[PDB]
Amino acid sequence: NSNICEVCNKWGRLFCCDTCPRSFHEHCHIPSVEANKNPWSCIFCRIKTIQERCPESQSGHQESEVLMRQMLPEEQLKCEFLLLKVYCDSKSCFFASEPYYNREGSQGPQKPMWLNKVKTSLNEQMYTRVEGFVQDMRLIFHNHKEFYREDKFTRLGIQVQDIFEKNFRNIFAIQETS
C-alpha cells in the first residue's frame, strides 16, 4: 500500500485498502474509515464495483435526470466520492471550513456554504435527492465568485468548481457534449 493519504498526501495514522494500494487518514476518507471490517474496501473500490456490476451505468445520462434521483445507497456513495474528489485538490482548503465576510465594497452571501458543512449534511442523511447535494456544492463556488468580484482570488473558485464539475460528469456518467 501507499505510505501517504490519498486525499491530503501526508503520512500519519493511515488505514489501508484491502483491494487496492490506497491509504487514508480516518477522517480524510468519506465516509470516515469504518471501525472493524476485515477486509475493508475504500470508496474508490466500492465505486468501481458498482460500475462492474452494472456496466450500462456508464452510458451517458442527462444531468436533469441525475439531479432528480433519490439518495438511495448508491447515489449516497457517489455523492460521498464526488465530495472526496474535491477534498483531494489542495485548493479545497479555501472552501473547507466556515467562511466569514468583511471586505470593503462587498457584502457576504445570503446563504454561506462550505465543504465540511456538506460533509456533515451527507453524514446526517439530510439530502433526499442528488440535486440537494449538487446545489450546495455549486453554491460554495458561486458565493466565492460573487464576493471576490474582480480580485484575482476569484479564480480559486473557478478552479475548484472545475474539479467538482469534471468529477460530477465522470462519476454520474453525464452524456458527453461540445
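Throughout, we count residues from 1 along the sequence that is shown.
Trainee: Taking only the CA atoms, which stretch has the higher mean B-factor in the record, 119 to 127 or 33 to 41?
Mentor: In the deposited entry, the stretch with the higher C-alpha B-factor mean is 33 to 41.
Trainee: Do the CA atoms of 47 to 55 or those of 63 to 71 have the higher mean B-factor in the entry?
Mentor: The deposited B-factors put 47 to 55 ahead on the C-alpha mean.
Trainee: Looking at the C-alpha B-factor values in the deposited entry, which of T19, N167, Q161, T154 comes out highest?
Mentor: Each of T19, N167, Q161, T154 was compared by C-alpha B-factor; the highest is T19.
Trainee: According to the Cα B-factor stored in this entry, which of the following is highest: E80, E98, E104, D89?
Mentor: Answer for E80, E98, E104, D89: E104, with the highest C-alpha B-factor.
Trainee: Using the B-factors in the PDB entry, rank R138's C-alpha atom against the chain and give the third, lowest, middle or highest.
Mentor: CA B-factor rank for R138: lowest third.
Trainee: Please say which third, lowest, middle or highest, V7 falls into when its CA temperature factor is compared across its chain.
Mentor: CA B-factor rank for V7: middle third.
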